[PDB]
Amino acid sequence: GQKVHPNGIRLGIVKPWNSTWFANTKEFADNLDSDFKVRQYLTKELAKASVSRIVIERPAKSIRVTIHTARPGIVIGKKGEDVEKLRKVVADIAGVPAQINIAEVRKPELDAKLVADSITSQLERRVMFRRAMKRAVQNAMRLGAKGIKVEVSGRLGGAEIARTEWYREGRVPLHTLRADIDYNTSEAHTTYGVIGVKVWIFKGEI
RNA sequence: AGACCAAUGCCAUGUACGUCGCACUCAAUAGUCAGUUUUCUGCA
């Protein structure tokens, strides 16, 4: 087990943080756990909506949750009853007056959360993994994407030993720190157990 | 160059490699008949 998380080593360099509140030591743990609850809830209740990121920020006793998603229409719905329902329950969880926004992730096959969730969904619909991976690399390289690597792992095809079998195309410069590597990871709970899907997407060199 | 260095339970090893798709709507040509009599009308 030996590679650094390629989001974490780029946190001040190119990648931003998904939480951008300041807090002293008295409320740092409380704000942090409140963020675990709103991302847990808001991740479970938008499983069909293809959600990429949820960014929390707290401007002066009020949360401001931004849902980067690929299907904004299914998040908002017929006149946005679903949004006001979500800020009602996020205001229930965080205990502050909640705002909520939706940022449309166009080009959803270049986002690693959406790619890993895609391949994970296909693996738990019992399709063969080489199609899922290989289709994901092809259609991601089709639109921009100066590199992509996907990597499934663990008891693939229902075996009794676990393999990995990664694929990559293009250039994925993972030790370069100015590389805009969009990396994310999902787990596929199949009837044989968990299958881990990692995906790195190299977008640009700065 | 050219001292000395002995041995290393029992098994089965594997899953596993067989491939795809697209579409679409605009125009001619119902019905309308007739219209007193003439005439100067700048000039070189």
# chains A, B, ... in the order shown; residues from 1 in each chain; ligands from 1
>>> interface_residues(of="chain A", to="chain B", cutoff="8 Å", atoms="only C-alpha atoms (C1' of nucleotides)", output="list in words")
residues 159, 160 and 161 of chain A
>>> write_last_selection(atoms="N, CA and C atoms", output="mmCIF file, in the first residue's frame")
data_model
loop_
_atom_site.group_PDB
_atom_site.id
_atom_site.type_symbol
_atom_site.label_atom_id
_atom_site.label_comp_id
_atom_site.auth_asym_id
_atom_site.auth_seq_id
_atom_site.Cartn_x
_atom_site.Cartn_y
_atom_site.Cartn_z
ATOM 1 N N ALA A 159 -14.798 -14.280 -8.610
ATOM 2 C CA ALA A 159 -13.785 -15.339 -8.569
ATOM 3 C C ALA A 159 -13.583 -15.776 -7.105
ATOM 4 N N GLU A 160 -12.619 -16.655 -6.864
ATOM 5 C CA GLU A 160 -12.244 -16.986 -5.507
ATOM 6 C C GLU A 160 -10.880 -16.435 -5.142
ATOM 7 N N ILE A 161 -10.205 -15.791 -6.093
ATOM 8 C CA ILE A 161 -9.020 -14.979 -5.796
ATOM 9 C C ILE A 161 -9.290 -13.600 -6.347
#
>>> closest_residue(among="A:97, A:173, A:158, A:108", to="residue 143 in chain A", atoms="only C-alpha atoms")
A:108
>>> select_by_dssp(residues="range 15-147 of chain A", states="helix (DSSP H, G or I)", output="tab-separated table (two decimals) with N, CA and C atoms, in the first residue's frame")
chain	number	residue	atom	x	y	z
A	28	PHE	N	-14.77	23.46	15.99
A	28	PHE	CA	-14.18	22.83	14.83
A	28	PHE	C	-14.68	21.39	14.65
A	29	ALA	N	-14.74	20.65	15.75
A	29	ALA	CA	-15.24	19.30	15.73
A	29	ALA	C	-16.74	19.26	15.45
A	30	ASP	N	-17.47	20.24	15.98
A	30	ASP	CA	-18.91	20.28	15.80
A	30	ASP	C	-19.30	20.65	14.39
A	31	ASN	N	-18.61	21.63	13.83
A	31	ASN	CA	-18.81	21.96	12.43
A	31	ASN	C	-18.41	20.80	11.52
A	32	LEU	N	-17.34	20.13	11.87
A	32	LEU	CA	-16.85	19.02	11.07
A	32	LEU	C	-17.84	17.84	11.07
A	33	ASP	N	-18.32	17.46	12.24
A	33	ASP	CA	-19.31	16.39	12.33
A	33	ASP	C	-20.66	16.77	11.69
A	34	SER	N	-21.04	18.03	11.82
A	34	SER	CA	-22.22	18.50	11.12
A	34	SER	C	-22.04	18.38	9.58
A	35	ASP	N	-20.82	18.59	9.09
A	35	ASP	CA	-20.52	18.34	7.69
A	35	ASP	C	-20.60	16.86	7.31
A	36	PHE	N	-20.20	15.98	8.22
A	36	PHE	CA	-20.36	14.52	7.96
A	36	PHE	C	-21.78	14.11	7.89
A	37	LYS	N	-22.63	14.79	8.66
A	37	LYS	CA	-24.03	14.44	8.62
A	37	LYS	C	-24.69	14.98	7.34
A	38	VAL	N	-24.36	16.19	6.92
A	38	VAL	CA	-25.01	16.74	5.71
A	38	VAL	C	-24.48	16.11	4.43
A	39	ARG	N	-23.23	15.65	4.43
A	39	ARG	CA	-22.76	14.94	3.24
A	39	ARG	C	-23.27	13.51	3.26
A	40	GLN	N	-23.46	12.92	4.44
A	40	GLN	CA	-23.98	11.57	4.52
A	40	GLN	C	-25.43	11.53	4.03
A	41	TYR	N	-26.25	12.43	4.58
A	41	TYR	CA	-27.65	12.57	4.19
A	41	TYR	C	-27.78	12.91	2.73
A	42	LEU	N	-27.08	13.94	2.35
A	42	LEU	CA	-27.24	14.51	1.01
A	42	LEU	C	-26.58	13.64	-0.06
A	43	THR	N	-25.74	12.70	0.35
A	43	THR	CA	-25.20	11.69	-0.55
A	43	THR	C	-26.17	10.55	-0.69
A	44	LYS	N	-26.78	10.11	0.41
A	44	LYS	CA	-27.76	9.01	0.34
A	44	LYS	C	-29.02	9.43	-0.46
A	72	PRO	N	-28.86	18.44	-12.83
A	72	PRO	CA	-29.47	19.42	-11.93
A	72	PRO	C	-30.99	19.41	-11.92
A	73	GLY	N	-31.60	18.94	-13.01
A	73	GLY	CA	-33.04	18.95	-13.12
A	73	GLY	C	-33.69	17.98	-12.15
A	74	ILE	N	-33.10	16.81	-11.99
A	74	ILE	CA	-33.66	15.84	-11.06
A	74	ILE	C	-33.41	16.26	-9.59
A	75	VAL	N	-32.40	17.09	-9.36
A	75	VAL	CA	-32.19	17.63	-8.01
A	75	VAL	C	-33.22	18.72	-7.71
A	76	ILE	N	-33.45	19.61	-8.66
A	76	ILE	CA	-34.43	20.68	-8.47
A	76	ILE	C	-35.86	20.14	-8.62
A	81	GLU	N	-39.49	22.11	-5.39
A	81	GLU	CA	-39.91	21.51	-4.14
A	81	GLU	C	-38.84	20.62	-3.51
A	82	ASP	N	-38.06	19.94	-4.33
A	82	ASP	CA	-37.00	19.06	-3.82
A	82	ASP	C	-35.86	19.84	-3.21
A	83	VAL	N	-35.55	21.00	-3.77
A	83	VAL	CA	-34.50	21.84	-3.21
A	83	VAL	C	-34.92	22.40	-1.85
A	84	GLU	N	-36.12	22.96	-1.76
A	84	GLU	CA	-36.58	23.54	-0.49
A	84	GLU	C	-36.81	22.44	0.57
A	85	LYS	N	-37.15	21.22	0.12
A	85	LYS	CA	-37.19	20.08	1.02
A	85	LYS	C	-35.78	19.75	1.57
A	86	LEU	N	-34.79	19.75	0.67
A	86	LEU	CA	-33.41	19.47	1.07
A	86	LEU	C	-32.83	20.54	1.99
A	87	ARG	N	-33.12	21.81	1.75
A	87	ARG	CA	-32.60	22.82	2.68
A	87	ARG	C	-33.39	22.83	3.97
A	88	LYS	N	-34.61	22.32	3.95
A	88	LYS	CA	-35.32	22.16	5.20
A	88	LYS	C	-34.65	21.11	6.08
A	89	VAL	N	-34.30	19.99	5.50
A	89	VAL	CA	-33.66	18.92	6.31
A	89	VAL	C	-32.17	19.18	6.61
A	90	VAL	N	-31.50	19.94	5.75
A	90	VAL	CA	-30.13	20.36	6.04
A	90	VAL	C	-30.14	21.42	7.15
A	91	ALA	N	-31.14	22.29	7.14
A	91	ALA	CA	-31.35	23.20	8.28
A	91	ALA	C	-31.73	22.40	9.55
A	92	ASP	N	-32.40	21.27	9.41
A	92	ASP	CA	-32.65	20.41	10.56
A	92	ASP	C	-31.37	19.80	11.11
A	93	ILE	N	-30.48	19.38	10.22
A	93	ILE	CA	-29.26	18.69	10.64
A	93	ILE	C	-28.23	19.66	11.22
A	94	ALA	N	-27.82	20.63	10.44
A	94	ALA	CA	-26.80	21.57	10.88
A	94	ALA	C	-27.24	22.54	12.00
A	108	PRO	N	-20.14	15.09	-17.82
A	108	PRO	CA	-20.05	14.26	-16.63
A	108	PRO	C	-19.13	13.06	-16.76
A	109	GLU	N	-18.65	12.73	-17.95
A	109	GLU	CA	-17.73	11.60	-18.06
A	109	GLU	C	-16.29	12.02	-17.82
A	110	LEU	N	-16.05	13.30	-17.58
A	110	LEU	CA	-14.74	13.74	-17.10
A	110	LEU	C	-14.63	13.94	-15.60
A	112	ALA	N	-14.42	12.22	-11.87
A	112	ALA	CA	-14.04	10.89	-11.41
A	112	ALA	C	-15.08	10.29	-10.44
A	113	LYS	N	-15.81	11.13	-9.72
A	113	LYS	CA	-16.85	10.62	-8.87
A	113	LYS	C	-17.95	9.99	-9.72
A	114	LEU	N	-18.26	10.64	-10.84
A	114	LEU	CA	-19.33	10.16	-11.71
A	114	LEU	C	-18.89	8.95	-12.53
A	115	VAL	N	-17.61	8.90	-12.87
A	115	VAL	CA	-17.09	7.75	-13.57
A	115	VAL	C	-17.04	6.52	-12.63
A	116	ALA	N	-16.54	6.70	-11.42
A	116	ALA	CA	-16.47	5.59	-10.48
A	116	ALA	C	-17.85	5.12	-10.03
A	117	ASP	N	-18.78	6.06	-9.89
A	117	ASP	CA	-20.14	5.70	-9.57
A	117	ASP	C	-20.79	4.97	-10.78
A	118	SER	N	-20.43	5.37	-12.00
A	118	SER	CA	-20.94	4.72	-13.19
A	118	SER	C	-20.47	3.26	-13.27
A	119	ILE	N	-19.17	3.05	-13.16
A	119	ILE	CA	-18.60	1.74	-13.26
A	119	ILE	C	-19.09	0.88	-12.07
A	120	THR	N	-19.25	1.48	-10.90
A	120	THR	CA	-19.77	0.77	-9.74
A	120	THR	C	-21.21	0.31	-10.00
A	121	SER	N	-22.05	1.21	-10.53
A	121	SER	CA	-23.46	0.87	-10.86
A	121	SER	C	-23.54	-0.26	-11.87
A	122	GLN	N	-22.65	-0.23	-12.87
A	122	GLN	CA	-22.63	-1.28	-13.88
A	122	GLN	C	-22.15	-2.59	-13.29
A	123	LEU	N	-21.22	-2.55	-12.36
A	123	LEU	CA	-20.74	-3.77	-11.74
A	123	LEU	C	-21.78	-4.41	-10.81
A	129	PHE	N	-16.61	-6.48	-16.28
A	129	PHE	CA	-15.88	-5.32	-15.85
A	129	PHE	C	-15.06	-4.71	-16.97
A	130	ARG	N	-14.56	-5.54	-17.89
A	130	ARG	CA	-13.74	-5.00	-18.95
A	130	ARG	C	-14.53	-4.05	-19.87
A	131	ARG	N	-15.83	-4.32	-20.07
A	131	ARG	CA	-16.66	-3.38	-20.79
A	131	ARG	C	-16.81	-2.06	-20.03
A	132	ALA	N	-17.04	-2.13	-18.73
A	132	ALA	CA	-17.32	-0.94	-17.96
A	132	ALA	C	-16.10	-0.04	-17.92
A	133	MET	N	-14.96	-0.64	-17.57
A	133	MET	CA	-13.70	0.09	-17.55
A	133	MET	C	-13.33	0.64	-18.91
A	134	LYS	N	-13.34	-0.22	-19.91
A	134	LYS	CA	-12.87	0.14	-21.24
A	134	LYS	C	-13.76	1.19	-21.90
A	135	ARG	N	-15.08	1.05	-21.76
A	135	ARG	CA	-16.02	2.10	-22.20
A	135	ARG	C	-15.77	3.40	-21.48
A	136	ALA	N	-15.47	3.34	-20.18
A	136	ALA	CA	-15.24	4.56	-19.40
A	136	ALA	C	-13.97	5.29	-19.86
A	137	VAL	N	-12.93	4.55	-20.17
A	137	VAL	CA	-11.70	5.15	-20.65
A	137	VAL	C	-11.90	5.73	-22.06
A	138	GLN	N	-12.65	5.02	-22.92
A	138	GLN	CA	-12.84	5.49	-24.28
A	138	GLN	C	-13.67	6.77	-24.28
A	139	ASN	N	-14.83	6.77	-23.62
A	139	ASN	CA	-15.67	7.95	-23.69
A	139	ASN	C	-15.14	9.09	-22.85
A	140	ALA	N	-14.26	8.81	-21.92
A	140	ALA	CA	-13.61	9.93	-21.20
A	140	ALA	C	-12.49	10.56	-22.02
A	141	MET	N	-11.65	9.75	-22.65
A	141	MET	CA	-10.61	10.26	-23.60
A	141	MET	C	-11.21	10.94	-24.83
A	142	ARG	N	-12.47	10.63	-25.15
A	142	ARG	CA	-13.14	11.21	-26.32
A	142	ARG	C	-13.32	12.72	-26.17
>>> select_by_dssp(residues="range 42-72 of chain A", states="strand (DSSP E)", output="count of residues only")
11
>>> atom_distance(atom1="CA of residue 102 in chain A", atom2="CA of residue 58 in chain A")
16.5 Å
>>> residues_around(residues="range 11-21 of chain A", least_positions_apart="3", cutoff="6 Å", atoms="only C-alpha atoms (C1' of nucleotides)", output="list in words")
residues 8, 55, 56, 57 and 58 of chain A
>>> write_last_selection(atoms="N, CA, C and O atoms", output="JSON list (two decimals), in the first residue's frame")
[["chain", "number", "residue", "atom", "x", "y", "z"],
["A", 8, "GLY", "N", -5.11, 14.98, -1.92],
["A", 8, "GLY", "CA", -4.58, 15.55, -0.73],
["A", 8, "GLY", "C", -3.24, 16.25, -0.87],
["A", 8, "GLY", "O", -2.93, 17.17, -0.10],
["A", 55, "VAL", "N", -20.02, 21.01, -1.51],
["A", 55, "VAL", "CA", -19.08, 21.91, -0.93],
["A", 55, "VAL", "C", -19.80, 22.69, 0.16],
["A", 55, "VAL", "O", -20.81, 23.33, -0.07],
["A", 56, "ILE", "N", -19.26, 22.63, 1.37],
["A", 56, "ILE", "CA", -19.84, 23.31, 2.50],
["A", 56, "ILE", "C", -19.03, 24.59, 2.72],
["A", 56, "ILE", "O", -17.79, 24.59, 2.62],
["A", 57, "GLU", "N", -19.74, 25.70, 2.99],
["A", 57, "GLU", "CA", -19.07, 26.86, 3.57],
["A", 57, "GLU", "C", -19.99, 27.55, 4.55],
["A", 57, "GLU", "O", -21.19, 27.50, 4.35],
["A", 58, "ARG", "N", -19.43, 28.15, 5.60],
["A", 58, "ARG", "CA", -20.27, 28.72, 6.68],
["A", 58, "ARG", "C", -20.02, 30.21, 6.89],
["A", 58, "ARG", "O", -19.19, 30.59, 7.70]]
